[PDB]
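Here the structure comes first, spelled out in structure tokens, and everything after it is commentary.
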Amino acid sequence: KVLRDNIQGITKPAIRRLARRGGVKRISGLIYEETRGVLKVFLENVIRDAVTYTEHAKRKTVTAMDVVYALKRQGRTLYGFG
Amino acid sequence: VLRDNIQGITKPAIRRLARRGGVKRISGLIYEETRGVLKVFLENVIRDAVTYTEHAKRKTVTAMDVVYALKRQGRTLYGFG
Amino acid sequence: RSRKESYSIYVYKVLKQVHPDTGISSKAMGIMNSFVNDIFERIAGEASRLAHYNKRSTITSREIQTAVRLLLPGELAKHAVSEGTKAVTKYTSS
Amino acid sequence: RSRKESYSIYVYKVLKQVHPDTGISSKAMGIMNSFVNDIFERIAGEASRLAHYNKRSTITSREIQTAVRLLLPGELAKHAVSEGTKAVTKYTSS
Amino acid sequence: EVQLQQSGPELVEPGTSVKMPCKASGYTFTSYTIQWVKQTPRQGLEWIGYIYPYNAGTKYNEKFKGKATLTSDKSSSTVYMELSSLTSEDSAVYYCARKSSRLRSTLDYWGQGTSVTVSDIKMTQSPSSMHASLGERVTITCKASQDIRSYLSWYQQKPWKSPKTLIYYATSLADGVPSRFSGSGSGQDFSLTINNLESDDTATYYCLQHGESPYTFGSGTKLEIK
Amino acid sequence: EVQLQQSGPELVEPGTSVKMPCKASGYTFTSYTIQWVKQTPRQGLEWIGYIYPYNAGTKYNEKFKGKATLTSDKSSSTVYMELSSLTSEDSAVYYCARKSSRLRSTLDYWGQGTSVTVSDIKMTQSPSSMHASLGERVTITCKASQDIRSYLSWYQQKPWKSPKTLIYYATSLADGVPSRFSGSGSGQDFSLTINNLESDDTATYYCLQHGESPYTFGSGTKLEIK
Amino acid sequence: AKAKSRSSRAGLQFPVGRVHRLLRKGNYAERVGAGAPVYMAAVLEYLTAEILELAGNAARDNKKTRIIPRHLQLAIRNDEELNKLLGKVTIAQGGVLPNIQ
Amino acid sequence: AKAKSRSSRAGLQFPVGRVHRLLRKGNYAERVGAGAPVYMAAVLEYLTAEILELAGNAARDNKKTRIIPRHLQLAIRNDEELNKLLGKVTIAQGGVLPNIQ
Amino acid sequence: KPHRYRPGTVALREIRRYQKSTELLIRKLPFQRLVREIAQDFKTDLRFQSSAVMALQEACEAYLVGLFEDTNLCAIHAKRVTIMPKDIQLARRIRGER
Amino acid sequence: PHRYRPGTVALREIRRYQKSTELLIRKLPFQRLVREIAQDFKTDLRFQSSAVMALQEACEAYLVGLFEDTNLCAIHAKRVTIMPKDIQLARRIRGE
DNA sequence: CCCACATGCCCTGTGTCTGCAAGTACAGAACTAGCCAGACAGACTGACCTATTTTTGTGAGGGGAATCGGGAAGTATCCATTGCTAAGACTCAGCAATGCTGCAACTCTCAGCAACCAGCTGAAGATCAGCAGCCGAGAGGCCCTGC
DNA sequence: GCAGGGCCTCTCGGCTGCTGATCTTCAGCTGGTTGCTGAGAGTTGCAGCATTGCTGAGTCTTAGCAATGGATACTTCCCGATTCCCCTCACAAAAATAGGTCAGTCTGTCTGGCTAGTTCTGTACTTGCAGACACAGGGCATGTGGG
């Protein structure tokens, strides 16, 4: 199966909740598309490195430890998954 | 013993630094803030450099030690080894 | 099962030492495990880099102390140097 | 006076093969020596980390290729992978 | 995945100005230069210039300064090109192609072409037109004028279609091109060889250098099958 | 290098409010909390509260909410303290002391003290006052009420002077303290031992705990030399 | 003779022998001195003691008797030197610091 | 037999033997494969060739026959991929871009 | 008359509520579908651990919350309370991502 | 007498100092500041000539890169004059 | 400035349930004890290089006055967001079957390490023309003032 | 919008110092060859785990609407930053000097790797059990329309 256009699954209230956790009181209407683009760019940057680690391990399953390595080599160290 | 040499970073020097940085107009309160920021950065680099020379049991700070002190803060410098 | 070998029993011993009635969850347990591994990797890498810079082939307590001074900020480095020196002196006294 | 061992002569052969008439200053040679050293430590550290992650004890051309793919951005990685594969293929045939 | 959308044919009266887009998708837009190539039946493919959207940097051909003006729009990932004071010898199809900032890379992906109609190194291809059956070996020579350090590419253009990259760096296969095609040579002598022919191989083949500042194509070689 | 400047004495009528500064220099100002300690001859030293200049984090004594108010100003590296509705039993000398946010660290550097005049663990010091000649072995005990996990400090105060840290973490020497002073003990029993005396050890010696939230000092031990 | 742990000889709770084996096998130096794992285990023990005690204090102020990642994140982000040590570190299920006003 | 360099065996200008010695002495792994120094020398040679060619083109456009750190800085900062690779790198006597719009 | 809060009161209530909890704010199945679609372009027929998708989710929420903090700082600096795409762009440019 | 309106001398200075590569801070005042700062860490220290040089290139590059972000904050606040609040905002977003 | 009603949130109370702490085999790793060799410490010793003095003829810095122009403050507009509501729709939880991929174990062979030697590559030291810096004069774009 | 008077970089010449390209010598490090061994590749099997599908309750999102308050444009004005001039004051350069530190050589020695045996402790597994999650009901600070 091929998935298509799932960046719209990151809904407007989800971006609003992330902004309220960030301390933002008022949100412009053009914030959401820009936030979707930024989140998408971050996701390809992490996922490409994670898939590179998975392919070097000669596996077809992306692991949490691979995601942790892909985050760590971009200076985004994550505690709690190994 | 040296006292109060932060004013050796003169006002036209900070203006030249801002002109290289692309700044057209400079407020009058910029210079003291720039001196404070430069002092903080210089302390942070020099402390690590002195730590490297003290681990090497040396008493002269070398350019290679300055390069290591810069590299460990993510500010890698080329041209000194 | 391949003996994953965490730091869990040691961190639990330290927790029962500093807080005799306070427990810990498994997620906070894994986070403390990641913290220990990350700090171990940082100080070991800085010590290995110091030994490479000074053309030494061994890592000693001097390299560990200098790496602790470089990586830990402020009073953290002072108290960690005090603990490392106390433990090395106690181990030397056997 | 103890055999400083730079990359200067190799950077010179590369420069004379891509630009037969231009020269280079000693400052720019120092810059480019620092560049070659920095990229060496980056690629070797990434390959060492990959070999440690996969529980291997040897660094091979697979580890070097994966380190190059992780560190170099864009078409730089593709062209460096092509250059490394070409040199390894030429070296294997002797 | 990588697409370079363009506009339709412009029926335009002489003396006016025309602007066409080269909206790009499927890749990081600022990391690759967009190069513009014109095509006439009389003198073949011609390189006009390029825009680097990372710094809005341009470089034009000698004979297209003033005639051409390149602009970039980073927001919509679109490259526009201005042609002003349209002379009668401007009726041509204009291609926009993607080329990386690396010197080894070439025009790998092209646009479909915008047909606008108005109401140095020379590369010589030794065959002008060759004929072959379905199973022999055919070679194409691209004798160069000056020394280029293996900065030569090979393209295949079907009739009324965009050119397709076959060989870059005078030996390396392009993406998706099979091992049947093979390029060779360096310095001033270059060669393109096809192992065996099919009915798909009936096209016109060009060789492009990008060693010096004005990029120059070859004359062209028509391949006819059976 | 590290100094904590303060103001002069304040002759203040009852019922109004007073503000005293604790302008500090010589260190990174946000990294260290500033604790406030009052001192009366009737009750000795008493800990009021502290400010954390990194996040404006504040904690007071239970008996000092409403009476005391702590604010920080990061621009001038100054820490202020307000006393509201000044009762007659507020005439004391108010000290501000630096302390790191580490639990092991103590009130290491103190201010000079501002004399303002108005117009739970109990820690027992077994010797109230002792006499000794020039070269003797002396020992002061600081038996506690609850359990503290070695979070005990020792201080020496000259008359009309700020206290000076000798021991922190119940065994460790402070900065610049000679090795004659030696602390020992853990849990509830503690001891301070001075090896060989001089004329400049004639002072009052206090012990401070910081194991639980209200920090409590000792009663004090006046040591007299010959 | 009866075997004594190096952690027991050093007065530590963190494993001196395991830290020594990780130093030897981790490709750091050609050789490892005897006091280097002792110093390493002492520094690690002090750091976890400080973080765990601050997190237990946060749990006690939250009236809970179990440390969670929220307590760990609160203890780390409420401190200068812990914030500078773990500035580029994400703690899972830690949340953020609540604002004052 | 007559000695042949591994650089000449691989068709490189960079020293495969010196890259092997720095890989062995650099404390990266217990063992080093045979093709790894060849691959590393090729990648380093490609990177120095690309930066040197761009700097030589910048020096040609500045009508000079010598590459200076200003030419190196122009060559690296005028390229997206090279600027992404060397973003946290200061080139001494490099200056900044003239920011012409 | 029905009760109506003035604009800003409910917003401060959600700031106080969501700055206290630790839960994930993006729905798990849309995030997982987005992750699989993005990873489809790098390798076909991939598989994902649930802990791997969860780790990607925690990383993405933390990155977006930190970026929104910096964006709010830019908005306050421009004498506004409404965050804008120019504020996001300025924060990401100063951070070194553009 | 010839007088320029305020600003054109400034853009000429931008064009002049963005083309040069020379150091803009005077070497002996920078060296005196470096020795005064290093005196607080170790008594009677010593310096190579290249160590102070490397410190100067690092410090000038850091200040230039800071002034670029300061100028960006100044244009974001719809001004042309950089302010200490712009310096503070740039450093806060950078994480210093 | 005070009141009202109304609403959201903290606190208390109790069933419950799932996750945490404690107790058992067991096997893999840490400790013990000799042994060997090599990395590092200690002491002379040359020698480079760094700090310190002095002169000087400049180039850059500092202070003050005139003025232009940008930043701050106040006002009005209008538009863009926030809050709210009812309907849908899509997430989530649970359960079951599947086949597919990630470990584990045994074998072995091939690739990588150790060692010694000779010789060829590369670093240090001199040397020198050619490239770049410096000084001076001419031209063109540009800024300031005026019409 | 158009025209005339300073003036500030480009362009060119040409001379000048300096430094980078090339040659020579020696030492040390890479390659050749042999032998040894252990690390990783290959095959078979197994369990575990991620994918897919189905169902159902139910929380979340979405579109439309009203009305408010915040962003934006415009104007004034006044603070302040720029520009220029002078005059003056440290920066830079260059030569000398002493002394102090750093690097090199040799020597011995202590300390860390290596190996084999042993035991003990840390890990997987499996219990019970209570801290915390769940709903539900008073109670409190305050949110917002009147007076």
Side-chain angles (χ1 to χ4, degrees), chain A residues 11-14 26-29 59-61, chain B residues 10-13 25-28 58-60, chain C residues 2-6 8-9 12 23-26 56-58, chain D residues 2-6 9 12 23-26 56-58, chain G residues 1 3-6 15-18 20-21 24 30-34 64-66, chain H residues 1 3-6 15-18 20-21 31-34 64-66, chain I residues 1-11 13 27-30 47-50 79-82, chain J residues 1-10 12 15-16 26-29 46-49 78-81:
Chain A
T11 52
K12 220 198 80 162
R26 185 182 295 276
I27 302 157
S28 163
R59 294 185 314 237
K60 337 206 163 73
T61 301
Chain B
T10 53
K11 219 198 82 163
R25 227 164 171 263
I26 304 162
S27 160
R58 273 187 283 104
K59 294 162 54 283
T60 88
Chain C
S2 64
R3 284 193 78 123
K4 292 159 154 39
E5 161 157 318
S6 52
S8 285
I9 52 147
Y12 205 99
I24 196 156
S25 67
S26 57
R56 284 319 155 77
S57 97
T58 185
Chain D
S2 60
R3 304 336 209 81
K4 291 156 153 39
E5 164 154 321
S6 55
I9 75 174
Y12 221 81
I24 191 155
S25 65
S26 65
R56 310 303 229 222
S57 52
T58 172
Chain G
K4 281 142 91 183
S5 284
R6 288 197 265 177
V16 174
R18 175 188 289 196
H20 191 200
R21 192 247 298 151
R24 274 189 288 101
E30 198 247 305
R31 25 179 56 194
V32 176
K64 302 222 145 23
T65 166
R66 217 186 266 161
Chain H
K4 293 179 179 179
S5 296
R6 307 199 253 163
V16 179
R18 183 183 288 197
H20 202 144
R21 206 238 308 133
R31 307 151 79 81
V32 177
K64 307 270 205 235
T65 89
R66 268 216 264 281
Chain I
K1 193 164 188 222
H3 179 98
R4 286 269 322 204
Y5 284 109
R6 326 264 316 300
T9 296
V10 192
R13 267 221 303 275
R27 303 307 263 165
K28 295 174 55 292
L29 195 60
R47 289 185 146 213
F48 274 90
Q49 285 188 356
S50 42
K79 267 166 307 143
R80 289 189 272 98
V81 291
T82 309
Chain J
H2 198 77
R3 185 176 179 83
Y4 291 122
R5 293 182 183 174
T8 59
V9 152
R12 264 169 20 188
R15 200 201 341 296
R16 151 166 192 217
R26 311 250 62 83
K27 297 184 173 50
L28 193 84
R46 211 165 260 239
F47 278 87
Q48 300 198 318
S49 64
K78 273 174 223 69
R79 301 196 295 277
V80 85
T81 302

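Residue numbers begin at 1 in each chain, while the letters A, B, ... track the order of the sequences. Heavy atoms only: backbone and side chains are in, while hydrogens, waters and symmetry mates are out.
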Can you tell me if K:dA4 puckers north or south, using the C1'-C2'-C3'-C4' torsion sign? north

Whether D:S2 contacts L:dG104 is assessed here as follows: a side-chain N or O lying under 4.0 Å from the phosphate OP1 or OP2. Is that the case? yes

For nucleotides L:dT111 and L:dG38, find the distance between their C1' atoms and express it as a whole number of Å. 29 Å

Mapping B:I26 and D:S57 to their closest nucleotides on DNA chain L, which lands nearer the 5' end? D:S57

Could you tell me whether G:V16 contacts a base, only the sugar-phosphate backbone, or nothing, with contacts defined as non-hydrogen atoms closer than 4.0 Å? nothing

Would you indicate, yes or no, if K:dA29 has its OP1 or OP2 atom less than 4.0 angstrom from a side-chain nitrogen or oxygen of G:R18? no

Under 4.0 Å: is that the gap between some side-chain N or O of H:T65 and OP1 or OP2 of K:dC131? no

Identify the nucleotide, in any strand shown, that forms a Watson-Crick or G-U wobble pair with L:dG17, with both distances under 3.5 Å; if there is none, say none. none

Would you say D:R56 places a side-chain N or O within less than 4.0 Å of OP1 or OP2 belonging to L:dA41? yes

Please classify the nucleic acid contact of I:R27 as base, sugar-phosphate, or nothing, using heavy-atom distances under 4.0 Å. sugar-phosphate

Sugar geometry class by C1'-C2'-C3'-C4' for L:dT127: north

Looking at every strand, decide which applies to J:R79 at a 4.0 Å heavy-atom threshold: base, sugar-phosphate, or nothing. sugar-phosphate

Quick one: label H:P15 by what it contacts on the DNA or RNA (base, sugar-phosphate, nothing), any heavy atom closer than 4.0 Å. nothing

Nearest-neighbour nucleotide for the I:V10 side chain, L:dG20, K:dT32, K:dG83 considered: K:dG83

Shortest non-hydrogen separation from A:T61 to I:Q49 and the atoms involved: CG2-CG, 4.1 Å

Under 4.0 Å, heavy atoms only, any strand: does J:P1 hit a base, just the sugar-phosphate, or nothing? nothing

Out of L:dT123, L:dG31, K:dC20, which nucleotide sits closest to the side chain of H:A3? L:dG31

Would you check if K:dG57 and L:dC91 are a Watson-Crick or G-U wobble pair, both distances kept under 3.5 Å? no

Taking every heavy atom of J:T81 against every heavy atom of B:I26, the minimum-distance pair comes out as CG2-C, 3.8 Å

So which nucleotide from L:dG69, K:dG69, K:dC144 ends up closest to the side chain of J:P6? K:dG69

So OG1 of C:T58 and CZ of C:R56: to nearest 0.5 Å the spacing works out to 9.5 Å

Per nearest nucleotide of DNA chain L, the residue lying toward the 5' end, I:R4 or H:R31, is H:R31

Under 4.0 Å between a side-chain N or O of D:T58 and OP1 or OP2 of L:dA39? no

Can you tell me if I:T82 touches the phosphate of K:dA80, counting only side-chain N or O atoms and a distance under 4.0 Å to OP1 or OP2? no

pair_partner(K:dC131), Watson-Crick or wobble, both distances < 3.5 Å, evaluates to none

Of the candidates K:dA30, L:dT83, L:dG31, the side chain of G:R21 sits closest to K:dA30

Taking atom P in both L:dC29 and K:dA39, compute the distance separating them and give it to the nearest angstrom. 15 Å

Quick one: are I:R27 and A:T11 in side-chain contact, heavy atoms under 4.5 Å? no

How is the sugar of K:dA105 puckered by the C1'-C2'-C3'-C4' sign, north or south? south

Of all the nucleotides listed (K:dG122, K:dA29, L:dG69), which has the minimum atom distance to the side chain of D:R3? K:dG122

Any side-chain N or O of J:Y4 less than 4.0 Å from the OP1 or OP2 oxygen of L:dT82? no

Kindly say if J:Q48 contacts the phosphate of K:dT50, meaning a side-chain N or O under 4.0 Å from OP1 or OP2. yes

To the nearest 0.5 Å, atom CD of D:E5 lies from atom CZ of H:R18 at 4.0 Å

Just to be sure I understand the rule, does J:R16 reach a base, reach only the sugar-phosphate, or reach nothing, if contact means heavy atoms closer than 4.0 Å? nothing

Rounded off to whole Å, could you give me the CZ-to-P distance for the B:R58 and K:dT50 pair? 12 Å

Closer than 4.0 Å, any side-chain N/O of I:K1 to the OP1 or OP2 of L:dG145? no

Just to be sure I understand the rule, does J:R46 reach a base, reach only the sugar-phosphate, or reach nothing, if contact means heavy atoms closer than 4.0 Å? base

K:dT50, OP1 or OP2 - any side-chain N/O from B:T60 closer than 4.0 Å? no

Does D:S25 put a side-chain nitrogen or oxygen below 4.0 Å from OP1 or OP2 of L:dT19? no

Using Watson-Crick (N1 to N3, and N6-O4 or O6-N4) or G-U wobble (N1-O2, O6-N3) distances under 3.5 Å, do L:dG137 and K:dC11 pair? yes

